[PDB]
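Single-structure report; data block below.
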Amino acid sequence: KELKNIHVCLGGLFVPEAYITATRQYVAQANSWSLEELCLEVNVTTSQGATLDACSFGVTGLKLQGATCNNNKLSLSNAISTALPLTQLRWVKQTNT
Amino acid sequence: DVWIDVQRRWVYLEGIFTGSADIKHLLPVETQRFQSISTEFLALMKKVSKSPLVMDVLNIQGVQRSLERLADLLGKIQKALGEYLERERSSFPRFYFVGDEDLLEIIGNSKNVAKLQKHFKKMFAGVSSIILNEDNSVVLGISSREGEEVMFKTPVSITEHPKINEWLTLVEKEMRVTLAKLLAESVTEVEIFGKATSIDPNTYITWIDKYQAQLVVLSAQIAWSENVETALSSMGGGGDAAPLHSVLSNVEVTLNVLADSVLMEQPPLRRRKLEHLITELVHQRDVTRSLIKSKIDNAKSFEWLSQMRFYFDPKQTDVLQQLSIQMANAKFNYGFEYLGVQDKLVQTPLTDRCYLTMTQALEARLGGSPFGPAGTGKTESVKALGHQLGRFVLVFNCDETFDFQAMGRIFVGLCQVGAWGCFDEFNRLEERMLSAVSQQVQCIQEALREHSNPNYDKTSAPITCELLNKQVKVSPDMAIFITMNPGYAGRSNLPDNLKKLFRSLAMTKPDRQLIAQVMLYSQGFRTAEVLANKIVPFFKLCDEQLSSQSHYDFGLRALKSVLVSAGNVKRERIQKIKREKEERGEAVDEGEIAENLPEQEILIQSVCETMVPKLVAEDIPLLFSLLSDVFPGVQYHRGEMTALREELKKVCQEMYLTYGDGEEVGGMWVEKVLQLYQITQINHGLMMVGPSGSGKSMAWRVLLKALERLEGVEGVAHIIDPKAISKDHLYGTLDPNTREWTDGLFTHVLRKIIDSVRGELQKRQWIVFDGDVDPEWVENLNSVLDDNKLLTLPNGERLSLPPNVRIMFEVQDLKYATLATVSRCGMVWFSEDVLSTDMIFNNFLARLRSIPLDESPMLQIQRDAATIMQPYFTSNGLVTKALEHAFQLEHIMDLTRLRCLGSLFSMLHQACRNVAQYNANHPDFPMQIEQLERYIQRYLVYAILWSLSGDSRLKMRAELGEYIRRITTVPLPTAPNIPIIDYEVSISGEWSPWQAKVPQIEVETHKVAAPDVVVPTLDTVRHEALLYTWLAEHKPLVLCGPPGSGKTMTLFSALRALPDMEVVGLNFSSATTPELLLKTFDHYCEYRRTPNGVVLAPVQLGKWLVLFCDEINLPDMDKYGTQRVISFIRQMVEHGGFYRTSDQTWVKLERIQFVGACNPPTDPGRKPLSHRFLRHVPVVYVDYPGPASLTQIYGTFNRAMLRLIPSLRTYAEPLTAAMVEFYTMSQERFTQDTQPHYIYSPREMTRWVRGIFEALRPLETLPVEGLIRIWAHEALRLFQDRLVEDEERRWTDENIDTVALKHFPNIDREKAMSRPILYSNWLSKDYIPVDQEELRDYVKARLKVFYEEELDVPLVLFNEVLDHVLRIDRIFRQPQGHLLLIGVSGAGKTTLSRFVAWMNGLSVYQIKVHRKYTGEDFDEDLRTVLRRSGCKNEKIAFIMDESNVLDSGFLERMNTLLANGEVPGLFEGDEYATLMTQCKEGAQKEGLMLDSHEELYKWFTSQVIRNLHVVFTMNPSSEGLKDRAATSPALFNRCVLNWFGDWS
Amino acid sequence: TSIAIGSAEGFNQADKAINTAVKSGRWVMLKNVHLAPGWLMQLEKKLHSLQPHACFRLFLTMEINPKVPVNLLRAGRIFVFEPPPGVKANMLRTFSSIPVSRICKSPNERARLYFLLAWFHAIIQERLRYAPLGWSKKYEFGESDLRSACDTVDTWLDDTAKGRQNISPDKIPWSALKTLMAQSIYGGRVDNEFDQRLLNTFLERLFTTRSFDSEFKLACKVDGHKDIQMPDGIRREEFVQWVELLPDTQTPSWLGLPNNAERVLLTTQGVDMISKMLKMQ
Ligand SMILES: Nc1ncnc2c1ncn2[C@@H]1O[C@H](COP(=O)(O)OP(=O)(O)OP(=O)(O)O)[C@@H](O)[C@H]1O
Ligand SMILES: Nc1ncnc2c1ncn2[C@@H]1O[C@H](COP(=O)(O)OP(=O)(O)O)[C@@H](O)[C@H]1O
Ligand SMILES: Nc1ncnc2c1ncn2[C@@H]1O[C@H](COP(=O)(O)OP(=O)(O)O)[C@@H](O)[C@H]1O
Ligand SMILES: Nc1ncnc2c1ncn2[C@@H]1O[C@H](COP(=O)(O)OP(=O)(O)O)[C@@H](O)[C@H]1O
Ligand SMILES: [Mg+2]
């Protein structure tokens, strides 16, 4: 259970694309859903001021190129890259809306 | 030079004119001319055969004059035949797809059409045969492979047009016309089916059964296009109520009828028609929805123009032009070519995008180039578009041999017929060949562009592009397509001028979700959308989560494999249910069966049958978690193939294997065999990946026999090692001059199966490629492993893979294979855990208890012996625990489980033979069970020690011995300190130390340091017995160790105890190829045709040939990590034979074994041997003798040498210490890290003792100071000559003084170590020391004579020159004394060698290298030298320079010459006889009588060794020397290296 | 006479064509001569000891690779072909290559379409310099794409306007052009979803009925608050004149990229000039 609450750096993993699948599997297994009907929602918050629910996974080290994220909203900027403090990957059911 | 050409020309022309008895009806004038030529040939044979003498016929006049006339006549008629072939090819251009020999077969067999039925496959798209009446004079129609047939409206007879071409023209015209007329009727019926609220299933199915699979789909497309066009025309007013909803409604109701039809059982032909109609109508439904959603109300809107529209004009007089297919602004006319029943493709958006881009390119009169990763759908989309427009699409698997001439004839064939060419793997061509082809493609395109101009008229001259210096008519339907995978290994770069000729298109992400949904929907799967939305994300997650393995492939091909397997499983499950419904009760309802069918369970079963077998052990839990997560609540249990399992039990028992079910021993292997069977059913291309010794070969061998006894179909397997032969020998070669195709190995095997003279299609044929896989050779099988199931050759020939042939590969890894090959073959992964160690132990014991060793008292000994080792051969037993610990030690080569076990079993086999020999030697008292128990138990520990630690240093041999002593219960030697490796097991059954087998011998004085004299030591006696055990079993072995350690000496010493073995020396280099072994086989062995096949055995009957490869790991690895000769040797060891490329016949070796020698793989220039080759060969590590051993070895040599002078006998002990100490210091001080040639070994010590012995031989008495001077002089000539830097020479000079003074305290230093140490036998008869001033005056006088008689260039004499001429003179006075002079050019290396050679009477020979010098000239120069120095007994100093090496072949022949003294392949053919005549004549002059050729060659070799001296001069390059240390290893261990360098 | 080098017969044709041309006076071109570096040395020796006709010319198209013999390079005049330095230079090259009679045809709106094609081709091609940002990989957006695009414009404009002197901007088949350019001509080389998304953005922004208005902006916020304005001309000469009057102050904001996309590249090239100036001292 503790392994869920740790924030990993996707750049520091040998296969970062496997982590996304692993989190996708964990959420579906916990809620008894299906893998093919889960979509990804991203919520950018501060590292210290963040809460992780049963479906949110923390990711650090993501860099936003040419844009700044304020209140989970992007705005064009002249900076080469802006470091996102903490990214919460939340898995929710597909809505097809 | 004229008789042979005329003889050959007459031979094949006679066969052409005799095989084709009807060729005279079409070739009247030349038939009479040939009859006159035939009369002349008969007259020639009636005159020349009377006198069987060349002299009797050369004097007859009128022979050469008539021969020239015959040659002109033969050429003229041959040209006329060639002009006739092209003229006949001009009419009915489909003849461009048949070969010239095949075309004459059609020409001469016009009377009988039965022989013509086998060629219609390769002139027509889907016409496999023609239907004829009972009279075989009227062609009623045509037929396809699937059985579908087309009946001509007006049948084409052959009587009205016997001309094969004319009536072959009419059937092609009739097929197009009758297909146009049938389509016109079909569209009329489907128009009634259209614009209707409801469709009756009975009427719809009848119409489907009435027309061909090509016409039903086309009729549906035409009806829908007209309905939408009419609906759009009515809606053209804008803002009107939409009747387009009716068009969508009409499609949906027709889809419902089709969807219910596939649910019930249908005939296979109707079912394919049902599937094609569903696939198209689904596309029509999607398009109509898109039109409705976008509110398209104009027939000219691009949302409708971009879609493919079909227009039918019944008012058109020409039925061929009745149908027009339009996409965007591109307009095409249906070709009406009979395509048979092809597999349609779900029209996914990417396929549509592909259709738009390709059709845009065709309108622009340039080809299309779809590119992307493999599996996307490039070739199929190109083929589908061609089949959509009714074109003839030819698929060619391009590769490097598709040269300019080969492609031109293909383009000529396409242009005349008007076909489509899909050149897959176009970038696999050479870059220069890609550039040259761009000219032909440009010429064709420009001709097409002028064809499309409205000014041109059909009446005006037809557009003709220039192809291959000829005017070739270009049909407007001609097209080029080139699929390609950029970035893949083995692929070239397309030049920019060629790339601008094609409209590229990225085919990277196929729409997997749509392809599946439609495929499942057309197969009768209810809720196909649910399954598609589950199976496509599953494959995406598998690609991400699963580990990255070289044999993994989860692309479209894998999804397709699953979907096709899903359809097969559902049909089988329905049949199984139906068979249950007939036995239990009698109620059968197809509607109910399809209703309660576990479709998800079927899909999982297909996934487990296809995806699971290739999974590694760590990845199986991940995939099964994905299956349970993606498909929750459903589980699948694999069916127990009990029918096959019993057959596996019988085959495994009869081949001494271990069988198990589930978790029992051998259980995992059986599941792998069963998985292999399932892959065979659904895939025609297989691979068995997994580490060496994982049971792969036993898996498919047992499966082949189990299937043979189960299904009753005989199994035939052709095992081919692809990398053991060149690619030309594997697939074939095309002659660049005569354009004649010589079949390769694989092509000959596949062609033989297709022809089936001996009923080949009735047997299960498995072509196994047991070898390494790289994109160089395996991509030629891309079209074979693809659906095309076609093998395309550069000569245009295409061979279809028969349904009973499976292409299988047995590989250990796929780290070099590209994704194209990986995705084309079902993968079965054999991990090392599959074949457990207990599994191998049971196999060895079962074979030991059953197969007698001699060919019974032998078998009884084996059975008693096997029971004794039985407790030690169990899980967690003595052997298994020792094997596990042996993996933790350090070995000179990589350790594999099967190599250790293979060595161990051979030793235990020798133990049983030892027992029988004891019984034979003691007939009255056979060895009892107690003595046998003690002997076997002790020998087992002895065999274990020498098998698991034979290839490790002394420390690891002791470590394994200490570990064994802790765990065994067998009685062991009780010595507190002596390791167990020091003991042998006597035949009586007790441990005996090896020290008892080593005596302190006294070598004879005249045999000091002789090549065949070995002083026995502990290491010598241990390895001699070890090699005896392996050599007596005829198992190949490899000796590993540093050069000079004694690998060759030990083997020859061991072979002396075997009088039935003759050793043949082979010297491998970096350029070594299997040709070197083949040349040895020709000289020493012969081919004979036994009833069981061709057998290669040595000429000497009763003697075993031992091929000793001197440097087995030196041959260069290609860019894919494979040594061709090693793969060749591995084939002849594992399979006991090789393939003769002359006629592609398997040659089985008899009475031949191999012995290998090599430096450790860590040495520079040495490559590690493959694990599949090391499995068969035990490795024994022969290390340098220790200081104690060196003192014993050369203390005996020194004692024998010093017996010449009794006064010096007391200095034998200190002298040996001096040589050993100085040699050790020089070995430590100078290493191979500094210079490549800094190699010091006991060979230097042997040369040291021989050097001192030769100096002391003639001298009667010599003081101690004299002996030190000789000792010091020999040290300088051995350790100082090769030194590079001056500081190193000073180090040697100083330490020589220090070493001599340390061990010889009371000597006269100035008398014994005066610095100008010079020795020469020039001033006097003996090899006494000489003064520098006296030597200089002597050389001055001799140089003056040298100028008068020889080279007249003056020389300036200095101290270095006097030293150098003395060193060169030393080498010239030795047998097989070759020199390697390294120094800056112009330093006098050649002029000194010539001077010294003239001094010693040697004849100087230098090769006259010019610009046109090649390999043939060098061989002639070599053979001249060998003939002079081997037959005429003339001493020759062969002087050769580095600049004289124009090729790697030059060094290879010199490499063999330096070490062996003879090149095995140098004298072959007629000249071998002349050499034997001179060798016999030369032997007669000497005084020896020799009769057999075997003894004459040995005398010739001995003469060349004694006489020929090779002087090699080269510049002192840093990297050049390192390269020369590998390409010509004999330059650094057979030649004395002298570093002249620059002038000081 | 154009001959593709690389085959044995190609060498014989090259020798025959040169021998015929030096006396007759025609032209001979040899393509991809860098694939036969050994034969090039023989060609250079043959050319040196030769006095051909006055009008004879020999062209050797090649790729810039070190395998080309040094002697051949010294004996001939070298021309380096590469993508034009800037948007202004790229448009000028496009207009010069296209024949004047092709642009000025029956519909007066054809000239504007070629200008948009020239601008679109320039913007697409000069985003390749900033390869990680402007695209995702070095696509070969070349002259062949422009020729196919011009043919598509010619084909569909003639189809819609049957010889009429003027065609309404709304009647121009914008969807026909936009779809073909994004799926067949320029979209064929695009192998990525996001690159295809970017390509669709440019085509939809440019090829629209509002491109014929006087207030159309080719680019926005190039520097400060100024933006590139669509020319108000209707003839080919007017558009070429507008290109020649470009400010010669091109920044990545012309292509839509941020102005700092060239900061790294210009720093590296500026440093490289120092090393080049230092290596020949
Ligand atoms: N079912 C079995 N029962 C007992 N022994 C077996 C069984 N299967 C294989 N073996 C033994 O294991 C070894 C398998 O050799 P095989 O050539 O089949 O393996 P492989 O992995 O194909 O080898 P390579 O990779 O070198 O081609 C042999 O010693 C064989 O006798
Ligand atoms: N649109 C499609 N619908 C169904 N199967 C397809 C489609 N496109 C490709 N395939 C399948 O893909 C497999 C590989 O063919 P393809 O991808 O064309 O090979 P390649 O990549 O070598 O050109 C075949 O089984 C083929 O039927
Ligand atoms: N026990 C021994 N008795 C006599 N000579 C030995 C002994 N061990 C090594 N030598 C000497 O070492 C040399 C071994 O060289 P060789 O076996 O040809 O090396 P390699 O096999 O590595 O080419 C021989 O010349 C031999 O004189
Ligand atoms: N010791 C020497 N004194 C004078 N001239 C020399 C001497 N050694 C070499 N030469 C010159 O070098 C020439 C021959 O060079 P050669 O021996 O063929 O060079 P390499 O040793 O590289 O083969 C002769 O013409 C001779 O004049
Ligand atoms: Mg095997």
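So you can find residues: chains in the structure tokens are A, B, ... in the order shown, residues in each start at 1, and ligands are numbered from 1 in order.
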For ligand 4, collect every residue having any atom at a distance of at most 12 Å from a ligand atom (counting only C-alpha atoms and all ligand atoms); output as a compact mmCIF listing (two decimals) with N, CA, C and O atoms, in the first residue's frame.
```txt
# COMPACT_ATOMS: atom_id res chain seq x y z
N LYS B 1340 83.35 -7.17 -46.33
CA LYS B 1340 83.82 -6.26 -47.38
C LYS B 1340 84.26 -7.03 -48.62
O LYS B 1340 83.89 -6.68 -49.74
N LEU B 1343 81.14 -8.67 -50.14
CA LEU B 1343 80.30 -7.69 -50.81
C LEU B 1343 80.87 -7.31 -52.17
O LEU B 1343 80.11 -7.05 -53.11
N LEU B 1351 73.49 -7.92 -57.59
CA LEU B 1351 73.15 -6.51 -57.41
C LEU B 1351 74.37 -5.65 -57.15
O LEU B 1351 75.19 -5.95 -56.28
N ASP B 1352 74.50 -4.56 -57.92
CA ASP B 1352 75.69 -3.73 -57.93
C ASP B 1352 75.50 -2.40 -57.21
O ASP B 1352 76.23 -1.45 -57.49
N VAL B 1353 74.52 -2.31 -56.31
CA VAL B 1353 74.36 -1.09 -55.52
C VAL B 1353 75.37 -1.13 -54.38
O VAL B 1353 75.48 -2.14 -53.67
N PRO B 1354 76.18 -0.09 -54.21
CA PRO B 1354 77.14 -0.07 -53.11
C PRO B 1354 76.45 0.02 -51.76
O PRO B 1354 75.36 0.60 -51.63
N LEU B 1355 77.08 -0.56 -50.75
CA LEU B 1355 76.57 -0.54 -49.39
C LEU B 1355 77.60 0.05 -48.45
O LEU B 1355 78.80 -0.18 -48.59
N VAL B 1356 77.11 0.83 -47.48
CA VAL B 1356 77.94 1.37 -46.41
C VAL B 1356 77.79 0.45 -45.21
O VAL B 1356 76.69 0.27 -44.69
N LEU B 1357 78.90 -0.13 -44.77
CA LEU B 1357 78.88 -1.11 -43.69
C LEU B 1357 79.08 -0.42 -42.35
O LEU B 1357 80.05 0.31 -42.16
N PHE B 1358 78.15 -0.66 -41.43
CA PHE B 1358 78.25 -0.18 -40.06
C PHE B 1358 77.94 -1.33 -39.11
O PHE B 1358 77.64 -2.45 -39.54
N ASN B 1359 78.03 -1.05 -37.81
CA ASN B 1359 77.89 -2.10 -36.81
C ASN B 1359 76.52 -2.76 -36.87
O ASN B 1359 76.40 -3.97 -36.65
N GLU B 1360 75.48 -1.99 -37.16
CA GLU B 1360 74.13 -2.56 -37.24
C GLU B 1360 74.01 -3.52 -38.41
O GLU B 1360 73.37 -4.57 -38.30
N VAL B 1361 74.61 -3.18 -39.56
CA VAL B 1361 74.54 -4.05 -40.72
C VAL B 1361 75.23 -5.38 -40.44
O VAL B 1361 74.72 -6.45 -40.78
N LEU B 1362 76.41 -5.33 -39.81
CA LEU B 1362 77.10 -6.56 -39.45
C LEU B 1362 76.27 -7.39 -38.48
O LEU B 1362 76.25 -8.63 -38.58
N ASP B 1363 75.59 -6.74 -37.54
CA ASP B 1363 74.69 -7.46 -36.65
C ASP B 1363 73.51 -8.05 -37.40
O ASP B 1363 73.11 -9.20 -37.15
N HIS B 1364 72.94 -7.29 -38.34
CA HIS B 1364 71.74 -7.75 -39.03
C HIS B 1364 72.02 -8.92 -39.96
O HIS B 1364 71.22 -9.86 -40.03
N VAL B 1365 73.15 -8.89 -40.68
CA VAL B 1365 73.46 -9.99 -41.58
C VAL B 1365 73.73 -11.27 -40.80
O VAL B 1365 73.47 -12.37 -41.29
N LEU B 1380 60.78 -12.17 -40.43
CA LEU B 1380 59.85 -11.04 -40.47
C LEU B 1380 60.65 -9.80 -40.12
O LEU B 1380 60.92 -9.54 -38.94
N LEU B 1381 61.02 -9.02 -41.13
CA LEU B 1381 61.84 -7.83 -40.93
C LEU B 1381 60.93 -6.61 -40.90
O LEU B 1381 60.22 -6.32 -41.87
N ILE B 1382 60.96 -5.89 -39.78
CA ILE B 1382 60.13 -4.71 -39.58
C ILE B 1382 61.05 -3.51 -39.42
O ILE B 1382 61.90 -3.48 -38.52
N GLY B 1383 60.88 -2.52 -40.29
CA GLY B 1383 61.70 -1.32 -40.24
C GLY B 1383 61.28 -0.36 -41.32
O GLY B 1383 60.52 -0.71 -42.23
N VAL B 1384 61.78 0.87 -41.20
CA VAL B 1384 61.45 1.91 -42.17
C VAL B 1384 61.99 1.53 -43.54
O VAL B 1384 63.06 0.91 -43.67
N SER B 1385 61.24 1.89 -44.58
CA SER B 1385 61.65 1.58 -45.94
C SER B 1385 62.96 2.29 -46.28
O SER B 1385 63.22 3.40 -45.82
N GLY B 1386 63.78 1.63 -47.09
CA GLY B 1386 65.07 2.17 -47.44
C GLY B 1386 66.17 1.90 -46.44
O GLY B 1386 67.27 2.46 -46.59
N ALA B 1387 65.92 1.07 -45.43
CA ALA B 1387 66.92 0.74 -44.42
C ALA B 1387 67.80 -0.43 -44.82
O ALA B 1387 68.71 -0.79 -44.06
N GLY B 1388 67.56 -1.04 -45.98
CA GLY B 1388 68.37 -2.15 -46.43
C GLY B 1388 67.86 -3.52 -46.07
O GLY B 1388 68.62 -4.49 -46.15
N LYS B 1389 66.59 -3.64 -45.68
CA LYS B 1389 66.05 -4.94 -45.28
C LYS B 1389 66.09 -5.93 -46.44
O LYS B 1389 66.45 -7.10 -46.27
N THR B 1390 65.70 -5.48 -47.64
CA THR B 1390 65.71 -6.38 -48.79
C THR B 1390 67.12 -6.60 -49.32
O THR B 1390 67.47 -7.72 -49.72
N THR B 1391 67.95 -5.56 -49.32
CA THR B 1391 69.29 -5.69 -49.89
C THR B 1391 70.20 -6.52 -48.99
O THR B 1391 71.16 -7.14 -49.46
N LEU B 1392 69.92 -6.53 -47.69
CA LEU B 1392 70.66 -7.42 -46.79
C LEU B 1392 70.20 -8.86 -46.95
O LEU B 1392 71.02 -9.78 -46.94
N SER B 1393 68.89 -9.07 -47.08
CA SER B 1393 68.37 -10.43 -47.23
C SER B 1393 68.88 -11.07 -48.52
O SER B 1393 69.24 -12.25 -48.53
N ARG B 1394 68.92 -10.30 -49.61
CA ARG B 1394 69.46 -10.82 -50.86
C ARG B 1394 70.95 -11.13 -50.72
O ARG B 1394 71.43 -12.14 -51.25
N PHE B 1395 71.69 -10.27 -50.02
CA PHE B 1395 73.12 -10.51 -49.82
C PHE B 1395 73.36 -11.77 -49.00
O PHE B 1395 74.21 -12.60 -49.35
N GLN B 1406 61.24 -13.06 -55.89
CA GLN B 1406 60.32 -12.00 -55.54
C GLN B 1406 59.20 -11.96 -56.57
O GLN B 1406 59.45 -12.09 -57.77
N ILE B 1439 61.39 -13.72 -50.88
CA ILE B 1439 61.35 -12.38 -50.31
C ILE B 1439 60.05 -11.71 -50.76
O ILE B 1439 59.82 -11.55 -51.96
N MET B 1440 59.23 -11.32 -49.79
CA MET B 1440 57.94 -10.69 -50.07
C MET B 1440 57.78 -9.46 -49.19
O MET B 1440 58.10 -9.50 -47.99
N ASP B 1441 57.27 -8.38 -49.77
CA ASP B 1441 57.09 -7.11 -49.09
C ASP B 1441 55.62 -6.93 -48.72
O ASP B 1441 54.73 -7.58 -49.28
N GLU B 1442 55.38 -6.04 -47.75
CA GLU B 1442 54.02 -5.73 -47.35
C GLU B 1442 53.21 -5.14 -48.51
O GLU B 1442 52.03 -5.47 -48.66
N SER B 1443 53.83 -4.29 -49.32
CA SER B 1443 53.14 -3.69 -50.46
C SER B 1443 52.78 -4.71 -51.53
O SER B 1443 52.00 -4.38 -52.43
N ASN B 1444 53.33 -5.92 -51.46
CA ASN B 1444 52.97 -6.97 -52.41
C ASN B 1444 51.66 -7.66 -52.06
O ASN B 1444 51.18 -8.47 -52.86
N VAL B 1511 61.03 -14.51 -46.38
CA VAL B 1511 61.47 -13.26 -45.76
C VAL B 1511 60.38 -12.23 -45.99
O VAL B 1511 60.10 -11.86 -47.13
N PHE B 1512 59.77 -11.76 -44.90
CA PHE B 1512 58.67 -10.81 -44.97
C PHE B 1512 59.14 -9.46 -44.44
O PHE B 1512 59.61 -9.37 -43.30
N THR B 1513 59.03 -8.43 -45.27
CA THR B 1513 59.44 -7.08 -44.91
C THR B 1513 58.21 -6.17 -44.89
O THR B 1513 57.39 -6.21 -45.81
N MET B 1514 58.09 -5.36 -43.84
CA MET B 1514 56.95 -4.48 -43.69
C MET B 1514 57.35 -3.25 -42.90
O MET B 1514 58.34 -3.26 -42.16
N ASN B 1515 56.59 -2.17 -43.08
CA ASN B 1515 56.86 -0.93 -42.37
C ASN B 1515 56.40 -1.03 -40.92
O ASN B 1515 55.45 -1.75 -40.60
N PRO B 1516 57.06 -0.30 -40.01
CA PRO B 1516 56.71 -0.37 -38.57
C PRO B 1516 55.50 0.48 -38.20
O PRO B 1516 55.59 1.51 -37.53
N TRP B 1539 63.29 -6.45 -35.48
CA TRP B 1539 62.93 -5.04 -35.56
C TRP B 1539 64.16 -4.24 -35.96
O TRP B 1539 64.95 -3.81 -35.12
N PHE B 1540 64.33 -4.05 -37.27
CA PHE B 1540 65.41 -3.20 -37.75
C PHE B 1540 65.13 -1.74 -37.43
O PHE B 1540 66.02 -1.01 -36.97
N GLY B 1541 63.90 -1.28 -37.67
CA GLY B 1541 63.52 0.08 -37.40
C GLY B 1541 64.27 1.05 -38.29
O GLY B 1541 64.77 0.71 -39.36
N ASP B 1542 64.34 2.30 -37.84
CA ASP B 1542 65.12 3.32 -38.52
C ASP B 1542 66.58 3.23 -38.09
O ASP B 1542 66.91 2.63 -37.06
N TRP B 1543 67.46 3.81 -38.90
CA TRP B 1543 68.87 3.87 -38.54
C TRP B 1543 69.04 4.67 -37.26
O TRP B 1543 68.49 5.76 -37.11
```
Margin query: Could you list, as number ranges by chain, all residues that come within 8 Å of ligand 1? Count only C-alpha atoms and all ligand atoms.
Written below: B: 652, 656-659, 666, 669-670, 690-699, 770, 810-812, 830, 835, 839-844, 898, 902, 1171-1173, 1175
Next item on the list: Compute the chain A side of the contact with chain B at 8 Å, counting only C-alpha atoms, and hand it back as JSON, numbers by chain.
Entry: {"A": [17, 18, 21, 22, 25, 28, 29, 34, 35, 36]}
Atoms kept (N, CA and C atoms) for selection, written as a short mmCIF file (atom, residue, chain, number, x, y, z; two decimals), in the first residue's frame:
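Once written, part.cif looks like this:
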```
data_model
loop_
_atom_site.label_atom_id
_atom_site.label_comp_id
_atom_site.auth_asym_id
_atom_site.auth_seq_id
_atom_site.Cartn_x
_atom_site.Cartn_y
_atom_site.Cartn_z
N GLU A 17 6.58 4.25 -19.32
CA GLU A 17 5.27 3.88 -19.86
C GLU A 17 4.69 2.68 -19.12
N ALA A 18 5.53 1.89 -18.45
CA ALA A 18 5.02 0.77 -17.67
C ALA A 18 4.37 1.25 -16.38
N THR A 21 0.70 2.13 -16.97
CA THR A 21 -0.11 0.91 -17.01
C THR A 21 -0.29 0.33 -15.61
N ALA A 22 0.77 0.33 -14.81
CA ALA A 22 0.68 -0.23 -13.46
C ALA A 22 -0.31 0.56 -12.60
N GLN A 25 -3.74 -0.33 -13.85
CA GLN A 25 -4.18 -1.63 -13.34
C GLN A 25 -4.60 -1.53 -11.88
N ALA A 28 -8.10 0.09 -11.47
CA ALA A 28 -9.17 -0.78 -11.94
C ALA A 28 -9.36 -1.97 -11.00
N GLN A 29 -8.27 -2.56 -10.52
CA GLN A 29 -8.38 -3.69 -9.60
C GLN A 29 -9.03 -3.26 -8.28
N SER A 34 -12.75 -2.06 -15.45
CA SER A 34 -12.04 -2.69 -16.55
C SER A 34 -10.95 -1.76 -17.07
N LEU A 35 -9.87 -2.36 -17.57
CA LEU A 35 -8.71 -1.58 -18.02
C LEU A 35 -9.06 -0.71 -19.22
N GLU A 36 -9.84 -1.23 -20.16
CA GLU A 36 -10.09 -0.52 -21.41
C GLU A 36 -11.01 0.68 -21.26
#
```
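Based on only C-alpha atoms and all ligand atoms, the protein and nucleic acid residues found within 7 Å of ligand 2 are, by chain and then by number, residues 345, 346, 347, 348, 351, 373, 374, 375, 376, 377, 378, 379, 380, 381, 483, 515, 556, 557, 560, 786, 787 and 820 of chain B.
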Next item on the list: Could you report the residues within 10 Å of ligand 3, using only C-alpha atoms and all ligand atoms, as a PyMOL selection string?
Entry: chain B and resi 1008-1021+1039-1052+1110-1111+1157-1159+1182-1185+1189-1190+1192-1194+1196-1197+1241-1247+1249-1250+1533-1534
